[PDB]
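Report on the structure given below.
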Amino acid sequence: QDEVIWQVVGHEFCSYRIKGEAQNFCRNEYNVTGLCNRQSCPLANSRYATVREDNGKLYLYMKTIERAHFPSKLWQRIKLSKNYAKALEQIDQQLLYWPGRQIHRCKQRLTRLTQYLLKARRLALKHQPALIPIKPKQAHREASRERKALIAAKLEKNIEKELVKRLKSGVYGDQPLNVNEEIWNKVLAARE
Amino acid sequence: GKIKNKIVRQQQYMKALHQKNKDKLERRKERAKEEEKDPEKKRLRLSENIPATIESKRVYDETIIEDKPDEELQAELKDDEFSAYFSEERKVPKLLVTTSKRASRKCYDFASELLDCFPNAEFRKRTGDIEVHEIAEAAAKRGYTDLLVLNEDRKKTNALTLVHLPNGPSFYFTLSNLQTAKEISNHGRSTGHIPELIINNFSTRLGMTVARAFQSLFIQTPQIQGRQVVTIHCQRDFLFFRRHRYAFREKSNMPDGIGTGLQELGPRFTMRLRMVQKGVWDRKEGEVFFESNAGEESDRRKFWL
Amino acid sequence: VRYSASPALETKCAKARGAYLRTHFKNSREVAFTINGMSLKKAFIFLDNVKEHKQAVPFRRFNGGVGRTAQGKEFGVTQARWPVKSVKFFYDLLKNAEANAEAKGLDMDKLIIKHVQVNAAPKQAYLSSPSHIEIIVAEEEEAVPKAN
Amino acid sequence: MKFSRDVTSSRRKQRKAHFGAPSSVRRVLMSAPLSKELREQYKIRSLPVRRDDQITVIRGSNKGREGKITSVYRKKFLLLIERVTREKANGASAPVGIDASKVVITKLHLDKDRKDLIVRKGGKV
RNA sequence: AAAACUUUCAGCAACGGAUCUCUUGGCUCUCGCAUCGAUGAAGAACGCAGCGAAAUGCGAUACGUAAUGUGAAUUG
RNA sequence: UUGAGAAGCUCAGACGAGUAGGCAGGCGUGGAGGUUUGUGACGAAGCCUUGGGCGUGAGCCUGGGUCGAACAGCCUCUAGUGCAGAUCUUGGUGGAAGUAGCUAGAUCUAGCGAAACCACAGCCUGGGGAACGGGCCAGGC
RNA sequence: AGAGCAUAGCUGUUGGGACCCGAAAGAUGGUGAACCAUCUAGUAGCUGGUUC
RNA sequence: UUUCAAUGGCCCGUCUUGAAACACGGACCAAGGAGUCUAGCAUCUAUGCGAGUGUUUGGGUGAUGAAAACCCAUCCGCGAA
RNA sequence: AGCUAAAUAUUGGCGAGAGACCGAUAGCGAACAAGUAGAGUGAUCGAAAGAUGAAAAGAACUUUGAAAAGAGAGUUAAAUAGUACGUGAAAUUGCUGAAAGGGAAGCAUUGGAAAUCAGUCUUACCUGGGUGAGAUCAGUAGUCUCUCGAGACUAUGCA
């Protein structure tokens with residue numbers, strides 16, 4: 003069984019395998035380490051224990067060889083206490099006389115899943131900027147319409163049109179301080 | 002698209018294009034001959050066949066203001082959040098310019114150029130985990146009137162949110178086409194004189210709020226001697242920010258004959274309004290006074306500012 | 002359309018364009034190089050002089066087979082010709098740019114040829142070389158006293 | 001899945017049949033759904049479109065519009081609906097073609113031929 | 001030595017039509033069928049389309065008539 | 001002590017040119033079966049880039065720009081599967097060249113205008129054994 | 001006190017066009033010594049090239 | 001990345017030749033472009049069965065593609081002899 | 001001297017259904033005016049050529065010009081889609097900018113200079129105390145799914 007299963011899945015084809023350059027990973031949800039190994043394969047290991055998180059609560063999942071052909075009842079689940087010391091002892095009691103490597107890998111996953119929940123709670127409290135996507139179509143539309151808007155704006159024509167307009171209305175004092183004498187003389191004769 | 006042969010339909014198109022050019026030329030030469038003989042047919046054609054432009058064919062909205070003064074509109078502006086600037090109190094604007102967390106050198110260059118445009122406006126580097134609402138409440142007790150926050154990421158400034166202390170409306174913009182003074186051809190060196198402000202084409206009611214908010218950042222007693230002008234121009238919902246150094250002189254274009262010689266000072270950028278919030282800026286829990294929808298901005302003839 | 006130069010914004014520029022013009026590409030490249038950067042009014046006189054052989058267009062790059070002339074000393078060289086067909090095309094384009102500036106309301110006393118570029122049109138053993146010509150005319154940029 | 005060896009699943013032959021179809025076939029290719037009221041009153045789900053039919057536009061930019069069908073353009077598989085036009089450069093109104101499956105028939109231009117069609121396709125009146 | 005000229009790099013504009021995507025086409029295999037002509041065939045020519053770029057269709061009843069069917073189009 | 005992809009992990013020493021040829025393991029391309037409860041109009045593929053990273057390498061990943069409808073990793077199957085050369089094939093395009101020259105005006109000017117050829121180059125003096133001078137070595141320019 | 005048989009792959013080898021481009025043809029049948037079509041992918045110890 | 005300085009650095013492929021000398025091919029870029037399919041034979045490896053072994057000439061059968069898969073009557077081939 | 005179905009053959013003819021095929025220099029010579037244009041006295045020979053967009057909405061109008069066209073505009077999500085029309089590589093050309101430059105370039109090795117990038121940060125742990133909070137805590141009561149007790153919830157208390 004187990005050694006036949008491993009040869010079929012570990013070396014011919016598994017739909018859960020991600021082939022990386024330095025290591026192979028496992029897409030299985032029931033893998034403690036997340037790697038493709040002989041010891042961490044949930045399919046090839048008839049007795050297997052893992053820790054996974056459900057809506058903020060970490061559970062110990064265990065399966066035995068005697069439930070291998072009943073997929074609905076294959077994995078059993080217990081609640082791990084929020085107290086870390088009690089959670090470690092819960093894994094020790096439920097995994098009693100299991101190999102020390104399997105208890106070791108379950109306690110390692112409990113630490114990483116506890117840190118991730120801790121980091122998830124601290125991220126909620128903090129105020130972080132929301133990432134808003136960049137839309138390639140709207141950027142192209144606004145860049146083109148902006149170019150048309152800038153050309154149609156005629157900024158220099160409109161700036162000098164208003165600046166001369168407020169010179170006529172005398173928004174300054176008696177005579178403005180920004181105008182040369184000859185220009186001011188031309189303004190007075192023209193406007194009157 | 003009836004013809005499936007590329008060469009044939011390229012020959013068919015060219016023979017139809019040539020015929021279209023020819024017959025339009027004949028009617029244009031005939032019209033010119035018959036309208037130069039009788040100027041009447043020339044002067045009514047020009048007054049009737051005015052070229053169409055996006056501004057002329059802009060969609061109709063009743064939110065636009067009228068030339069005539071209306072008591073209701075002027076009664077609303079006499080007690081709002083910007084009233085402390087336009088009233089007899091004449092409270093000088095004290096600006097606080099800050100950036101997003103962990104800004105880069107390039108954001109400081111834009112900020113330094115932006116601080117030139119605003120005398121009596123100081124910069125404070127954004128430190129740690131202080132938020133905009135906390136900055137606003139802390140800046141209000143320090144005597145500040147308007148808070149400007151420059152958003153930059155990937156070494157590029159792309160947004161600008163300005164809030165009016167203590168509880169005034171907060172406007173969120175998106176900056177584009179940022180261009181410091183060094184990148185502008187034939188630029189000038191800005192002096193310390195208070196620049197004048199000219200604001201154009203803010204016809205809609207929402208334009209008044211944004212125009213008043215932008216006006217409220219400038220000291221209302223401009224130094225005439227320095228003759229520096231800062232322009233905010235809203236064309237097709239695009240707000241163009243520019244600063245020049247004018248000088249009146251003789252030009253042959255205007256009927257009066259006087260024109261100004263603008264020399265750009267910088268910075269040069271464009272702002273697109275994205276959101277107006279009633280009260281201090283809280284992106285999650287703010288009262289949306291206005292929120293731009295990209296779907297209905299695809300209508301090139303419809304504008305909100 | 003869009004021209005090769007970052008100018009030709011509405012600000013102060015008037016554009017004139019000619020595509021698939023039936024003139025030699027190498028000759029037009031020399032005429033464009035001569036009148037580039039020169040005032041619009043002066044350019045009209047220079048093109049007028051070339052038509053009457055009073056002035057010669059110096060051929061710098063495609064100088065092969067160009068004889069020695071005494072009219073090129075203004076430009077520092079001695080290889081020059083008197084092209085007419087190429088000059089005629091540039092006269093037509095300059096008038097178009099001048100008319101475009103006048104319609105724009107531009108100040109006509111400060112117009113200079115800010116940018117003029119000649120590109121090779123598709124070739125059509139006698140495949141000649143038609144020319145694409147684009148001309149931008151803008152006012153001479155000026156400074157203003159700062160504060161004193 | 002199709003099990004008949006008399007029908008082709010070839011995309012090449014399906015596309016050739018649709019785009020090379022004659023007029024008497026494009027009459028059936030240009031069919032439209034009926035409104036819920038007509039559908040449960042005439043006991044018919046869909047009918048080929050026809051001039052004078054009153055339809056409501058269901059999809060596209062013109063979604064929600066209503067009007068009679070002025071003419072059906074079988075060459076391009078398009079409907080031309082009254083008052084559903086687009087302004088041109090010179091101000092002349094160019095009608096916009098709508099696919100027949102993008103509209104719904106809210107009123108039928110009933111004729112004896114169509115009345116016979118209703119009782120033929122398990123309908124009633 | 002700066003200019004010009006030459007070289008290199010980059011930006012923009014040309015030139016060209018690669019690449020990508022597809023496709024009412026080809027190619028291959030299999031299956032069903034048996035049907036030209038002196039009662040004028042195959043082919044060729046010349047005509048008819050209100051205009052049709054050709055191409056298609058048709059034969060002085062000329063892009064067809066009669067009959068049947070569908071039932072409201074035709075369309076640049 | 002958890003280090004059992006036993007096809008893994010681990011310890012130690014020696015060794016390293018290479019034509020013909022022998023052998024092994026890998027990279028990439030079109031299509032096929034399976035798989036990734038795969039990627040994609042919130043932008044697939046392609047192309048561009050003095051952006052960054054990985055590999056001894058074949059190559060691969062990625063940012064930005066452009067773009068607009070499809071596409072990929074893994075196991076296996078398959079083949080019209082990888083180019084700098086063939087006085088290769090087709091297409092495009094150059095230097096030679098505005099030259100050789102051939103239509104006007106007064107050899108000059110205007111207009112119209114090729115083709116052969118083309119690894120790249122271009123000062124000598126000697127020595128450099130195989131020519132070596134055009135590249136190499138010591139001298140002048 | 002029989003070790004074969006079948007299939008798949010690898011390699012070598014012999015035929016077929018037989019890694020690709022290469023040598024005057026000849027023959028049959030036509031068109032006006034010549035020209036054209038096919039046999040033909042004719043014949044190569046030799047030439048050039050032969051892709052991570 | 002560009003550029004400078006110091007030091008070094010003869011044009012690639014083919015054929016020739018101890019070696020080179022050579023003589024060839026190369027203006028540039030893109031795309032295409034050459035050990036393929038098949039029959040027989042022999043070695044080796046894997047797989048199935050084993051004094052046996054080989055279903056597919058054919059027949060039976062196959063409703064969800066039925067040119068697949070599945071089944072095997074009589075021979076026959078090669079081995080045993 | 002003669003006739004004779006069936007099993008067999010089938011690059012044509014009338015249709016049909018397919019494919020581990022080719023994907024516009026490929027696949028038929030021909031995806032489109034293809035045995036067409038074109039060539040040759042003739043026999044014969046024989047191409048190149050596919051793609052705007054969802055929609056023509058194919059750019060009205062004003063203006064310069066003898067005209068072609070250009071410029072102001074205008075349509076479109078996009079004109080970095082304008083019939084020289086999807087994407088738009090390389091060779092090649094023009095302009096602009098920077099740098100270099102006594103009869104080559106030229107590449108390698110090491111640095112300088114200039115320009116330009118990756119490229120990062122303190123923020124968490126431990127230990128409190130106070131305050132309230134609630135379950136996997138109750139000297140607690142129910143329901144559901146598995147199998148006492150294991151998960152999911154509900155009510156109440158928060159000692």
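These protein sequence lines map, in sequence, to chains 3, x, P and Y.
Residue numbers for the first sequence follow the deposited numbering, so the first one is 3 and each next one is one higher.
Residue numbers for the second sequence follow the deposited numbering, so the first one is 2 and each next one is one higher.
Throughout the third sequence, residue numbering follows the deposited numbering, covering 2 to 125, 138 to 161 in sequence.
Residue numbers for the fourth sequence follow the deposited numbering, so the first one is 1 and each next one is one higher.
Yeah, the Cβ is synthetic: ideal placement off N, Cα and C, and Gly gets one too.
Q130 (chain 3) carries a coil assignment under DSSP once its states are collapsed to helix, strand and coil. Against chain 3, the CB of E103 (chain P) has no partner CB under 7 Å away; the residue lies outside that interface. The beta-carbon of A121 (chain P) is placed no less than 7 Å from the nearest beta-carbon of chain x.
By the C-beta criterion, the segment 173-187 of chain 3 is judged not to be in contact with the segment 79-94 of chain x, since fewer than 3 inter-stretch pairs fall below 8 Å. Considering only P196 (chain x), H188 (chain x), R213 (chain x), the residue with the shortest C-alpha distance to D147 (chain x) is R213 (chain x). Here the alpha carbon of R190 (chain x) sits roughly 47 Å from the alpha carbon of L127 (chain 3). In this structure, DSSP gives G12 (chain 3) a helical state, which the three-state scheme calls helix. DSSP places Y50 (chain 3) within a strand segment (E or B) once states are collapsed to three. Closest by C-alpha distance to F119 (chain x), out of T64 (chain x), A137 (chain x), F219 (chain x), is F219 (chain x).
The C-beta of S144 (chain P) has 16 or more other C-beta atoms within 10 Å across all chains shown, which makes the residue buried. In the assembly as shown, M30 (chain Y) is a buried residue. Its beta-carbon has 16 or more other beta-carbons within 10 Å.
Take the alpha-carbon of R59 (chain Y) and the one of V84 (chain Y): they are about 13 Å apart. Annotated as distal: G258 (chain x) and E265 (chain x), with beta-carbon spacing of 7 Å or more. Within the model, the alpha-carbon separation for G296 (chain x) versus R155 (chain x) is close to 27 Å.
No Cβ-Cβ contact shorter than 7 Å links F239 (chain x) with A122 (chain 3). Taking a Cβ-Cβ threshold of 7 Å, none of the residues of chain 3 is close to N168 (chain x); the smallest such distance is about 20 Å. Bounds of the beta strand (DSSP E) holding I233 (chain x) are 229-236. Exclusion of the five residues before and after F241 (chain x) leaves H234, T271 as the residues of its chain whose Cβ lies within less than 7 Å of its Cβ.
Per the Cβ contact rule, the segment 50-70 of chain P is not in contact with the segment 18-25 of chain Y (fewer than 3 Cβ pairs under 8 Å).
Close to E11 (chain P), with beta-carbon spacing below 7 Å, are these residues of chain 3 in chain order: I153, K156. At a cut-off of 7 Å between beta carbons, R246 (chain x) contacts chain P. Counting along the chain, the unbroken beta strand (DSSP E) around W77 (chain 3) starts and ends at 77-81.
Contact check for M64 (chain 3) against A46 (chain 3) fails: the beta carbons are separated by 7 Å or more. When DSSP states are grouped into helix, strand and coil, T56 (chain Y) belongs to the strand group.
When C-alpha distances from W8 (chain 3) are compared across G22 (chain 3), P44 (chain 3), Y32 (chain 3), the shortest belongs to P44 (chain 3). Within chain 3, the residues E144, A145, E148 have their CB atoms less than 9 Å from the CB of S177 (chain x), given in chain order. When the five nearest sequence neighbours on each side are left out, the beta carbons in the same chain lying within less than 6 Å of the beta carbon of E153 (chain x) are those of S101, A104, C108, in order along the chain. A buried status is given to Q104 (chain 3), since no fewer than 16 other beta-carbon atoms sit within 10 Å of its beta-carbon. DSSP places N37 (chain P) outside any beta strand (DSSP E), giving it a letter other than H or E. Shown here, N120 (chain P) sits in a strand according to DSSP, grouped into three states. Nearest CB-CB separation between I185 (chain 3) and chain x: below the 7 Å threshold. Under the three-state reduction of DSSP, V28 (chain Y) is assigned to helix. Under the DSSP assignment, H145 (chain P) falls in the beta strand (DSSP E) whose first and last residues are 144-152. Taken through DSSP and simplified to helix, strand or coil, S23 (chain Y) comes out as helix. Residue burial annotation: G169 (chain x) is buried, with at least 16 other C-beta atoms found within 10 angstroms of its C-beta. Distance from the CA atom of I65 (chain x) to the CA atom of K27 (chain P), rounded to whole angstroms, is 58 Å.
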